[PDB]
Structure formats: structure tokens, C-alpha cells
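Residue numbers (the authors' numbering), protein chains in the order written: chain CB, 365 to 414; chain CW, 1 to 130; chain AG, 1 to 199.
Where is the CB? At the ideal position from N, CA and C, for every residue including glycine.
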Amino acid sequence: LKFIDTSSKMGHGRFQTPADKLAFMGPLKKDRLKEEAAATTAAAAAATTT
Amino acid sequence: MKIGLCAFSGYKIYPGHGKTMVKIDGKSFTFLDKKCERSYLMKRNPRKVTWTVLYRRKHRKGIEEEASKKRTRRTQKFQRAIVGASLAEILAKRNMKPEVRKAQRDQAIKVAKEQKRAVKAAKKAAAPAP
Amino acid sequence: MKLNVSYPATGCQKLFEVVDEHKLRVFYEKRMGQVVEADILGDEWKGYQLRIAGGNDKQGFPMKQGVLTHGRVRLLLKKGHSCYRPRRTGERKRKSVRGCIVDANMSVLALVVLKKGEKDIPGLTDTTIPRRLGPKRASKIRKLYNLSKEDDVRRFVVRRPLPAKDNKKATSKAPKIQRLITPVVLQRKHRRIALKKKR
RNA sequence: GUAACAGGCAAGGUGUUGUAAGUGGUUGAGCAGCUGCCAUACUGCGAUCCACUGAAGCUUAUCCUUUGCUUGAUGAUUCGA
RNA sequence: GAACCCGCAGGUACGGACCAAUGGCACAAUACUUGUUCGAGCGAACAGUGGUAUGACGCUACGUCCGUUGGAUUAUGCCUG
RNA sequence: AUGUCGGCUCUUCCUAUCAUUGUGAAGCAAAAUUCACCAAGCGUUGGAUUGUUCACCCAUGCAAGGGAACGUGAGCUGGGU
RNA sequence: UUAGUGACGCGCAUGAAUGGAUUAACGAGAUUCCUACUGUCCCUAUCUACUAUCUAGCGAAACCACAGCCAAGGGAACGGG
RNA sequence: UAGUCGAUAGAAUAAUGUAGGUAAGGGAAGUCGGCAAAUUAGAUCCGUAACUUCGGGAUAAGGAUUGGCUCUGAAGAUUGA
RNA sequence: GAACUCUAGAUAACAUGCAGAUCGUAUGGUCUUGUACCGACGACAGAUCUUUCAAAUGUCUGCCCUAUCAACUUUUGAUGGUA
RNA sequence: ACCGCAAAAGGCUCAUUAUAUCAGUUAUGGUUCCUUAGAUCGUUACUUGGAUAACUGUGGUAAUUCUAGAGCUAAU
Numbered sequence: 365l366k367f368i369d370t371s372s373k374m375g376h377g378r379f380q381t382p383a384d385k386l387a388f389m390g391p392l393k394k395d396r397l398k399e400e401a402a403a404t405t406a407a408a409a410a411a412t413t414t
Numbered sequence: 001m002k003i004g005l006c007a008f009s010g011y012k013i014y015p016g017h018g019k020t021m022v023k024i025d026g027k028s029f030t031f032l033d034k035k036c037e038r039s040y041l042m043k044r045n046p047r048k049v050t051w052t053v054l055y056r057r058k059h060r061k062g063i064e065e066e067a068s069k070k071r072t073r074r075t076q077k078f079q080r081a082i083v084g085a086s087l088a089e090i091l092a093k094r095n096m097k098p099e100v101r102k103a104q105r106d107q108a109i110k111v112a113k114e115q116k117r118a119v120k121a122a123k124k125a126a127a128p129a130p
Numbered sequence: 001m002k003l004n005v006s007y008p009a010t011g012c013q014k015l016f017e018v019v020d021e022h023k024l025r026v027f028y029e030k031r032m033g034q035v036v037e038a039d040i041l042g043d044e045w046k047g048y049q050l051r052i053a054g055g056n057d058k059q060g061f062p063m064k065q066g067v068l069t070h071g072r073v074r075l076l077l078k079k080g081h082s083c084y085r086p087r088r089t090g091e092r093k094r095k096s097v098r099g100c101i102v103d104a105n106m107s108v109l110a111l112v113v114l115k116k117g118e119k120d121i122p123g124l125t126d127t128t129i130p131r132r133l134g135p136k137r138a139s140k141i142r143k144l145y146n147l148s149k150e151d152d153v154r155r156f157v158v159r160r161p162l163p164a165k166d167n168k169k170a171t172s173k174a175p176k177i178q179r180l181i182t183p184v185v186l187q188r189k190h191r192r193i194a195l196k197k198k199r
């Protein structure tokens, strides 16, 4: 066997793997937002301490 | 089975996955999937279709990896002696610094004066004889 | 495939044959100018870096830099470009041309080695397949030797002795130092200035 | 079986469509209307474009998933060697 | 001049499955668009699914996958007599 | 008052077997076809015209065998009659 | 191409206001060829709304000797008995 | 605006319907027969035959184009300077 | 046929070529002999100008048959103005 | 081999083509002209710079040919 079509049957599967999705799909409002929230929370923590 | 690229939406075409149309001429167009097929059959400009990687490049969305590659090459690989005087001898002539070079110059010019004056004088001597 | 790999630091080139697919595979989807580590290529080439200098395929229209297709493409080409040296003035030809990126269709890779690893391969490293000829012109003897206008050639020009073999008293050829600041040409400078003023 | 739970969500994955509202920009062929002691212009209108925005909406009822939320956990009849 | 059994690959016709791909359908899903209406706008409603492009859970094609092996013995060739 | 014919649709059987199986004949050398047998398990079609069975043609396939329930009008069509 | 059209016409049984011929325009008229078109078909499939269905309510009729399992046989020469 | 919302309803929304649609690729092969269905359709512009009773044929055939926004021109009335 | 931008210039501005880092003949004058200074011919460049080989367009006038071809060109230059 | 110049035509044929071509007649203040002939250039390296052929070596496709790659070296 040389390949398995792991793409979404949900219906018209572009991308086999969630890693292949990240390659084609560029900086979506998404994961980056979560990181941005975390940094904000740290700045808040730092202000309270000072 | 080779992962090709969708010639309108830039999306990778994993084994079988859709359809490839070959024109009469024959210009092969590769489609991931029906949505692409139908949009371009309907004659949409991919450049106004915000679903293509093609427009996204033009429209400056995302890129990063491709833009990092481009800049800086000078390149100077070697001196070129061998045959003329077997390497050491060219290396010897090459090295001998300006002060010694000016000596070689000037000595040769001094030797040359005598031959020029001699021939001018000799022709001046020769001319009376007829 | 076949690697025509050159150590051009000694001016050498040798031929090697890669039978094994995995070693071969390393080159796949690498472009002209791109850096390959040779340790995956071979046990002989540990620490060797390979620059893809060139290639020629089967069905061998020569690799032309930057047409990028792995297959082949038809191009209209012009004076003096890569894949185009035309015999006749304003000649334009359409050729098939193979493009720049290494794929399994490639008969011969042409590889310049960037770096000498840890191990001397004999035909590349040991034997010097030479550095052809000494500059000849007063001007290019100038910067190779770093003679800068005070310090003049005459006897610094490469004198090679060549016997004509049979049946010959071996001679040495000087040769011709062009644009020496030979007085004859100097006096022609004087003459050109002479004609301008007088007229 | 207060839990291998079950169900309704919200969340996340997965889809679908194709870039929301709102806001900012003379993006924008242009146009009105007032013109200085001098450069000059601005105030509105303007399909559409761009940025926020590969976004917003929609997602299976016959999707996938859940230490997230809350909630359910409390009816009837009949049968023998 | 045996496309002739061993052996091999495919298809046909028939039958039964299966929906992954590919194709078909429309969620009156999403977008767009016209006419009208909601002051305009957003977002919708009405044109008995408004039209149009795309179109999923799902169904289904023209799509694809699967269709066993002996005995008894006829015809018949035969033993022994 | 027992719903004409064909064609559409759909059934099962029968052989007096054209093809296919296994076979015996041949003035069958091969190829090919003809004859006959066990055999109806399995095929026997797509069209032009005709209302037409029948017929007549065209095309393919190794082969385009023939009959029975005047089949089949609360199945159609109503074309001929 | 048992169709049509132009011909031929000893025309079974054409024919001259018993009107004959030709014909523009017109026809929910009869007929033939080609094209565009399409689910007319190959070859089927899916979808909307309302039913059919099930349920609360409401509620007929046709028809009915007696009524209703087949096969063959005889018999008014085709039996549910 | 005025008048309705009563056409017994609910749940299911099966087959088969009815009434309304769509269907790749091929495109009438269908059938008695293009029946049913689809194509086509408005407007403006261009172009326009056979035949003809000169009126038509004619919307012949065959082609082009249509939104929105933003400008511009043309097309009227009346006194006044 | 001249308000020619004519072969050429002045005033005000412009851009960007030219002016040889050639070669072969043959070397002289003069030394403070730097290998100095300065020098003839014509080959090939070269810029302005003419000339020459040319050339493209434009004037005048002329061509067979045909009316069983009488109106033709202007859809989109047809024919004229202006730019 | 680079560089420069020729190859724009000799030659051939007369198809398209009927005022078109073309002859004679002429113009160019409506323009271009290598060349050749003749004349013209006094508004801080003076003889510098490095890259490529030919070359050398190694190659490609069945091929004419087209050239890839590596290393030299010239200029009117």
C-alpha cells in the first residue's frame, strides 16, 4: 500500500492532516489570539506586583 | 502517487483527489476539487477569488517562508599559476615586494639607455659614410 | 544517478554513480545553487557540502537556471543567455529545456563541492588537474602579482619551456606583453594630439 | 447505577459559503456648494476597493469530540416447571 | 491455419451489494441578484422552494466492489466376457 | 357482455437445440460450416419503415433458434381495426 | 425509410363550378426532413408541497347464492366447492 | 386600505400518486406521433430569404446588448436685463 | 510660394553622443637620456556637413472586356476641418 | 574563435494584380542614407579594470545542432 486518503468525508476533503492545513492556511485569527491573551494576563500580573 | 498543485487555488492535490482537465492545445489544468472546477468553468478571475493562494500572494496575506530566501553572494575562488613556471616559481615572482620590483625596473631601463644612444649614434656615424 | 562532482579548488573533476534511491533522493526538490549535506549521500563524503552547479537529464535538454518546473518547458531565447549562444545576429530559437530542480529523470548532476569534509576522496583531492595559464597582459599580471604602476612586469611574465618533442632543441615562449606602455603606442598618442592642434 | 451515565448546550475539531456588521481611509471615474490680505481647499454625496477579516454566518438533526455548563435519575401491566 | 484446453488478463450480459472518490439531487444552508416591503441600515420577510452560483449530514448514478465446489451419471468412449 | 390487434411492460415453461457445455456423423486435412444426441442451465439483441405480429432492411456479436398460457386495456397506449 | 417528396401515370374505381388546376396571406388542422432543445429515452435518481399512512373527531358506497388454497381429470368440451 | 385566515386537525411526512422542479454524458435512439417537457421570449440596435395577390413573408433567418453608480449632452415654460 | 527650425547663430533653459586607453608601416630630432618631450602616412572608428550608391512617397497623362453590372463610398475613415 | 562587413540581393518567376504596378513627366520647404570622395573636434590612471569565446578538460539528447558545467586568456 502506498497512500491512504485521510481527508474529511464531511464532505469535500481538501487536506489530509491538521498539520497540512496549517501549511496552506496562513495566520488565521485563532491560535495566535490565545497567545496574545496570555501576554496581556502577564502584563496585568506584573502591574499588580509593582 | 505524486502530490500536485491546483493550478488555480494553489492547494495540494493528494492522490486521486479530483480532476485534471487537459485542453486541446494542450495546457494541463489541475483541480483539487469541484469548487475550483466549477468557479473557473464559470470563468472567475482567480485574482478576484480570495480562495486562491495566487490572490493571497498578490494581496500580501501570509507568505513568510518564501520571502526569507534572497540576498548575498560575492565569490573569489583562486590564483591560476600551474603551467607557465611550475607553481613555486610563479609564487616567487608574485611575492617579491615593490622595493625590489622598482630595482628590476630601473636596472633594465639603465641597460636600455646605452642601446638607444648606441643605435642613434651608430646611424649618425653611418650617415657620413655615403 | 551519475554525479559529475568537481573539486574545482584543485581544478579537478571525477565521475561517480549513485545506485541507491535514498542517497539519490536527497537531491530531489533542490534547486540550482542550493546547499546539500553529503553525509546522507555517502560515507566517503562525510562533511562534504554540495552546491548544485548544473545538470543534464535523460531526455537531455540541458538544465537552465530558474525555469522551475521539474519537467521540461519550451522557451524562446536570446543573446547571450544560458542555453543561448547564437551563431547569427538577432537569431532567436525555441528549444525544449529542462529546468533547474533535481528529479528522477536526471542522468547527470553537475556538482561543485563547497567544503572538504573529513575524508580525502583521491581523484578530487590528491591529484591537481591544473590551474591552466599565467596572465600574459601587463594589466592582468598587475593585479595577480599586485604590481601597481611603479613595479613593471618584463621578466615576471610566465616563461614556459616546451619541447616540440621529436626532433627538437627545447625552446621557451615569452609571450607577448600587450599594452606594456610600449613607446610606439606612446608616440601615436603624441601624434593624435599633434593633428588636433595643428588643424 | 451521581456515571462505562444519559441528554440539551456552549466550547474545540470537521464541513459549507466566500471575506459580516461597525469603523477608518478621497481607495474611488467624478460631482455639487463657499471662497480669503496669501498659499488654497474643505465640507458633504460616490458603485466599488482595502484594513480590521481566510472573515461573519451556517455545522447534521441521520457529524466527531468533551475532567466545560446545566439538567434527568421519582409512570403501567403481566408471567410460573 | 486451430487466439485451441494448461496458464494469464480484461471485458460482456445478468444478478447482489456499497456512496470513499467521481457524477447526480437540494439544506429553501451560505453567498449574490431582481421586484417589493421593514423610514434608511443591519438582518430578514413576501414572489406558495423567487431567480442565480456554490453547495454539506444524507440519498443515489453513469461510479466501484463481489458472484463457490464436488458427486450421481446422460449422451458417449471403454474393460472383462 | 368472457374487455379486438400490435407495440410498450412483465411471467413461466416447452423443445422439434441456432449459440454455449459434454458428445457421436461428415465426400471435416487446417480453418470453417453442416448433421445428429444428452440438454431449455444460459443467450437469442440495437435501430430505419410499417399500427403491424408477420415482413424488409441496416449495424454488431462465435450465435441475433422456434413454440405454448388468440397472455397481459380497474396496466398503458387507443395507432390499425 | 411498408414513411415522405419529385417523377412515370391503360389512371382497379382521377378530372373540369357534379368544379379542375395553381396559390401569397391565414389555421389550438393532416403530413414529412433537418437543427436548437430537453429525463421523450439510454437508465435511472432526487427534491418541494399536499396526500396516501397513523391517530382524536366524523363517516358512506360498489358488491355480496354460499363464498373463497392449488394441480390434473371428468363435466355445458377452462373448477373456490 | 377594506375583507380573510373557515376550506376537520395533529404526528409521521413510506410506497404509489397529484401538483411543481432538477439531472452528468449522449441528445428522440423514445413513441402512433416530439405527446409531455425543455429551448425561445421583453427592449434597443444590426441584419434579414424563398415566395408574393407587392400589401406581406417579418419578431423571417442570423447576430450584438441590457445591472449598479457617477458624470455629460439633448429635449420645454416665463418674464427679466 | 516664405515668419523654413534651410547651412549657421545669440539670449533663457535642456540631455549626452562626440573628442581613439587603435593598429600596421617606418623611425627622426634633441638629451638633464625620466626610457622624456614631439612627429609623417592610411586602415578601422568618430562627430558635423556635403557628395555619391541609393530610396519611400507625391504630380501630370495613358491601359482589355463587360450595363444580362447604374448608382456607388460612409458596419469600424467614406470624403473634409482641427488637434 | 571574437570583432567588423556582406548575405536586404544576384538569380527566379509574373501569381495576386486594371490607375494598382509602370513608362514618360516630375517633386521632396515631406524625408532617410552605411558607404566612398572631400573637409571638421585645444572648454586627475595615460595607456587602466575584469569576463568570456577560441583553448584546455568534462558532459548531455537517437540525432542535425542546440549547448550545460568547470578552469584560462585578447580587443578597433
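Any chain CB beta carbon closer than 8 Å to residue i
i: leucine 5 of chain CW; result: no
i: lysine 58 of chain CW; result: no
i: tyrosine 11 of chain CW; result: yes
i: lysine 2 of chain CW; result: no
i: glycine 62 of chain CW; result: yes
For residue i, the residue or residues it bridges with in DSSP
i: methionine 63 of chain AG; result: AG:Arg98
i: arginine 72 of chain AG; result: AG:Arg98
i: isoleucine 3 of chain CW; result: Paired residues: none, contrary to the question.
i: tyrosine 11 of chain CW; result: Per DSSP, none; premise fails for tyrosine 11 of chain CW.
i: residue 200 of chain AG; result: With chain AG covering only 1 through 199, there is no way to say anything about residue 200 of chain AG.
i: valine 35 of chain AG; result: AG:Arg51
i: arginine 160 of chain AG; result: AG:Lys173
i: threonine 20 of chain CW; result: CW:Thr30
i: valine 5 of chain AG; result: AG:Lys14, AG:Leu111
i: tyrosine 84 of chain AG; result: AG:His81
i: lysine 93 of chain AG; result: AG:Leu77
Short CB-CB distance (under 8 Å) between residue i and chain CW
i: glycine 66 of chain AG; result: no
i: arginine 154 of chain AG; result: yes
i: residue 227 of chain AG; result: Nothing can be reported for residue 227 of chain AG, as the shown portion of chain AG is limited to 1 through 199.
i: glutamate 150 of chain AG; result: yes
i: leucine 76 of chain AG; result: no
i: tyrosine 145 of chain AG; result: yes
i: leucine 133 of chain AG; result: yes
i: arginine 160 of chain AG; result: yes
Buried/exposed call for residue i, threshold 16 Cβ in 10 Å
i: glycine 54 of chain AG; result: buried
i: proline 128 of chain CW; result: exposed
i: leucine 124 of chain AG; result: buried
i: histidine 17 of chain CW; result: buried
i: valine 19 of chain AG; result: exposed
i: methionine 42 of chain CW; result: exposed
i: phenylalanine 78 of chain CW; result: exposed
i: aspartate 151 of chain AG; result: buried
i: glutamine 76 of chain CW; result: exposed
i: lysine 173 of chain AG; result: exposed
Cβ distance (whole Å) where residue i is taken to contact residue j below 8 Å
i: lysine 46 of chain AG; j: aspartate 39 of chain AG; result: 5 Å
i: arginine 72 of chain AG; j: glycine 99 of chain AG; result: 7 Å
Min CB distance residue i to chain AG below 8 Å
i: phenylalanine 78 of chain CW; result: yes
i: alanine 81 of chain CW; result: yes
i: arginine 105 of chain CW; result: yes
i: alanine 118 of chain CW; result: no
i: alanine 108 of chain CW; result: yes
i: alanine 125 of chain CW; result: no
i: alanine 85 of chain CW; result: yes
Residues within the stretch 89 to 101 of chain CW neighbouring chain AG, beta-carbon criterion of under 7 Å
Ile90, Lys93, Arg94, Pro98, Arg101
Near-chain CB residues of the stretch 15 to 34 of chain CW (beta-carbon distance less than 8 Å), N- to C-terminal order
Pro15, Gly16, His17, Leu32, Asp33, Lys34
Listed in chain order, which residues of the stretch 98 to 130 of chain AG have Cβ atoms closer than 8 Å to some Cβ of chain CW?
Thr128, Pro130
Selection of the stretch 371 to 400 of chain CB by Cβ proximity to chain CW, strictly under 9 Å
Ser371, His376, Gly377, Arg378, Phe379, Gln380, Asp384, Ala387, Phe388, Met389, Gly390, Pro391
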